[PDB]
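Residue numbers (this note's numbering): 1 to 227.
Ideal Cβ placement from N, Cα and C applies to all residues, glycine included.
One structure is given below, encoded as structure tokens.
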């Protein structure tokens, strides 16, 4: 794709999320960089409105799949870069089992030389004293695979995948994601054969940051189409 040429080096990233969870309004700003060569993302996120009123791990998937590393033989299946620089809309419903759900609408596009992910998030039906509003999730990560399928009727891609959040009592809190992406521009995009994205990541803290925050490292690699 023409868009893939924008990803041969490390690219600065800006993430802006405005959220409303059960009427709790909050904002997150993230800044860092991504390299599709190795699939590596390094970002730091800050809640700019005070304490984050949901658990940081539940926002990881919402807070830039154009930085996934597509192997050479899979380059023709990289929808996300093909839509650049004009970008794409990424929409999700994220349903937390036995709890509420997030609805997210994001635009991922270049604004100058920076790849920007701007998200509006709405959460409803979260339970008082549940794992989300009660912050009962461990500050940690499970590696995942997310399967990507073409959505030709929308000139885009869909994905359904479950995230497993560890709860403080040793249970697991599933977050079932339904995702759709559509190009912002009118130019040609690559509609992929079925494949998946594999993630390995790491959530940490900046010992000198006083605000509520999350330091994130995430590798994303495309797989599932062989020679």
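- Between the alpha carbons of residue 117 and residue 226 lies a gap of roughly 31 Å.
- Along the length of the stretch 5-82, whole alpha helix (DSSP H) runs at least 4 residues long occupy 79-82, reported in chain order.
- Cβ contact annotation for residue 135 (same chain, cutoff 7 Å, sequence separation greater than five): 55, in chain order.
- When C-alpha distances from residue 112 are compared across 1, 6 and 219, the shortest belongs to 6.
- DSSP, read as helix, strand or coil, puts residue 154 in helix.
- Here the C-alpha atom of residue 21 lies approximately 36 Å from the C-alpha atom of residue 224.
- If you compare the alpha carbons of 59, 199, 63 and 101 with that of residue 70, the shortest gap goes to 199.
- Nearest to residue 149 by alpha-carbon distance, out of 115, 120, 191 and 128, is 191.
- Separation of the CB atoms of residue 68 and residue 182 is rounded to 18 Å, and the pair is thereby denied contact status at 8 Å.
- With a beta-carbon spacing of about 4 Å, residue 97 and residue 174 fall inside the 8 Å limit used to define contacts.
- The closest CA to that of residue 107, considering only 101, 100, 92 and 99, is found on 92.
- In this structure, DSSP gives residue 123 an extended state, which the three-state scheme calls strand.
- Distance from the CA atom of residue 217 to the CA atom of residue 63, rounded to whole angstroms, is 12 Å.
- Between the alpha carbons of residue 157 and residue 87 lies a gap of roughly 13 Å.
- Taking C-alpha positions only, residue 75 is separated from residue 195 by approximately 12 Å.
- Around the CB of residue 104, 16 or more other CB atoms lie within 10 Å, so the residue is classed as buried.
- Taking the C-beta atoms as reference points, residue 180 is found no nearer than 9 Å to residue 152.
- About 4 Å separates the CB atoms of residue 47 and residue 212; that is less than 8 Å, so the two are in contact.
- Considering only 214, 64, 186 and 122, the residue with the shortest C-alpha distance to residue 95 is 122.
- In the DSSP assignment, residue 88 is bridged to 108 and 183.
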